[PDB]
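Same chain, two forms, each on its own as structure tokens: structure 1, then structure 2.
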Structure 1
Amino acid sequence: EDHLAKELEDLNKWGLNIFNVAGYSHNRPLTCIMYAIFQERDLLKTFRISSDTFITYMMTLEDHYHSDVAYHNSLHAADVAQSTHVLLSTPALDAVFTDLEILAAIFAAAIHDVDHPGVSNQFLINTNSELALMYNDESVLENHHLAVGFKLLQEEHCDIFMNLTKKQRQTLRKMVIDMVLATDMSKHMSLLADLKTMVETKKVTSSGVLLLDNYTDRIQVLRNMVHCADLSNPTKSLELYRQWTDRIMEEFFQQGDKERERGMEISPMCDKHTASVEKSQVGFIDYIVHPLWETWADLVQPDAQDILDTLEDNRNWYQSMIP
């Protein structure tokens, strides 16, 4: 109550604690943070989005995340949205994005895992699920989250974009699709290689502010930004990181139990009888998270040096828990 307002004082910081905001908002973290973010940035006024309309959409979207899924519930969406809100303010990216691109990136973060069933694209494909038949095995979940999110906008009592122009709605839809499809982990290596080429030919104004000429370059940075926000758990304080680790392992091990029940091969990091939680996090940091943030740090230096220091410290803690 007064605790919620104290926690939200850190709305614009990496140290914000989304678990605390959840506790004080009737477990509506996503509705809560999305509303705090939009007010802070004056987006409701800029795009003449009604408050009732915005709240009804957000509450419906949030009720569409599954509360019995350990990691991919509404708290993860809320976290990715809050993280993207901070990354958009990085000094190196100052005045680089339009208001429509800022709106799109934050909206993408919010809907980006909606209706997640708690199993991976590969699981959905090997069990011949209806979702995989629908999407022909390509970015199964991601196409689905986009579909639900944009579906809910089709209803007057819920169209938060009704006061944008047709032209603006089209551009936003293109940008959002692009950004959510980029959260598909099987696209990670591709995305990182492209981000490394963008750093290679990085250009800044006289005062260290990125120069982004075309739409192409702007959406490439936005794509990568949402993807970093998705893979930001290890760059947060150790206390936060460990609760996120606990949740993803719970979810991955539940998938492993379903794999065993059906006589399918068990995905090794989903096998609770053999997988080391600690080794898996160190591997995840060394091979995926660090390589990504090291590159993001290059693009916006020295803005993300503390984020990298926290990461390297967290990496060493998981390492020390391994005998």
Structure 2
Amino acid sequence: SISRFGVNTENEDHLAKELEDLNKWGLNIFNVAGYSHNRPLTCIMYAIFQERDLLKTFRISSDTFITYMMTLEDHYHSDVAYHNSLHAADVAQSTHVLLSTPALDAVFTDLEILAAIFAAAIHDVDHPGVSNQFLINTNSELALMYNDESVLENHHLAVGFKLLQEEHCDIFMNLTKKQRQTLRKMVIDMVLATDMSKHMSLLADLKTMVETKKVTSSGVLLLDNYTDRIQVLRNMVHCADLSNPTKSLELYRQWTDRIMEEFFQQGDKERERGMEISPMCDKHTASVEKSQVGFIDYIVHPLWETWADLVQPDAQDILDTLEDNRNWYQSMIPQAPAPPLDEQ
């Protein structure tokens, strides 16, 4: 319902144009935020759920869905540069596209689809804009409560599920106990897997799964066991979370400006509190370009190359864009006299 969004017909028309790319990697979530009074997570999630008929399938009224999403979105910190609702909306939409990749057609159940998109939406809720290590070093009550393990990730899950209890917010009210327990188990698994400290582990397990891929005649992956399905799902959400470098440079650059701004803000807090400044959190000694190239070579590319192998050739374009953006940042590093603007 558009009136909940407070959007007039003029901006609704603008939104309709942007949403033409709802099922595409090229969607511009920044534009979506701009035409939705900065409620991109709720807008894109409502769009996704309408698109996939999830509201009908799981009997979620639009009232309950929008009330919960608007409540959840409000728990993302708009003053945090990167980990705000715009990033969550981006991850949810990116996950929405990955679920529809050809190679995974008809592989997942509706509940698993609901679980992955929901996980993407709540995966960074109430993020304070500082790392787990910062919370641990300041003796944060949050770190004490979670025993320094996946502190924020555990917190994101607790908040996401806890908000279901506010007035008219239980979007899972009509799922059976069994369905809720299974969805909850999957969501917890997917959000916990977003902890970067688990990256190498997730990657190894993904590669070791691709080595024994069981594909059908049509080239459609075959995943009969739950264990394999949830491993593909946690890696999928993890890929969406690290999809910024795979988007058009216009979007990627905005994501880079934001993550750097957030790191610098943490660096400011560390300085303010008499703490040593963390790596890449000092604006005066930061190497944005170099950091992005390293980030891609050592983390993003290794991950996407493996995913693209699992769903080949679905992710070829994404792989090309990534490498294209990687080289752009490479030649952008101060002091690089090799076609300084787009390649080797």
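All residue numbers here follow the sequence of structure 1, with the first residue given the number 1. We call the rigid core the largest set of C-alpha positions that still match within 1.5 Å between the two forms.
With a cut-off of 2 Å and the rigid core superposed, residue 262 has a Cα displacement that reaches or exceeds the cut-off between structure 1 and structure 2. Core superposition places the C-alpha of residue 155 3.9 Å apart between structure 1 and structure 2. Once the rigid core is matched between structure 1 and structure 2, the CA atom of residue 274 is found 1.1 Å away. Here the rigid core is superposed, and residue 292 then shows its C-alpha moved by 0.1 angstrom between structure 1 and structure 2.
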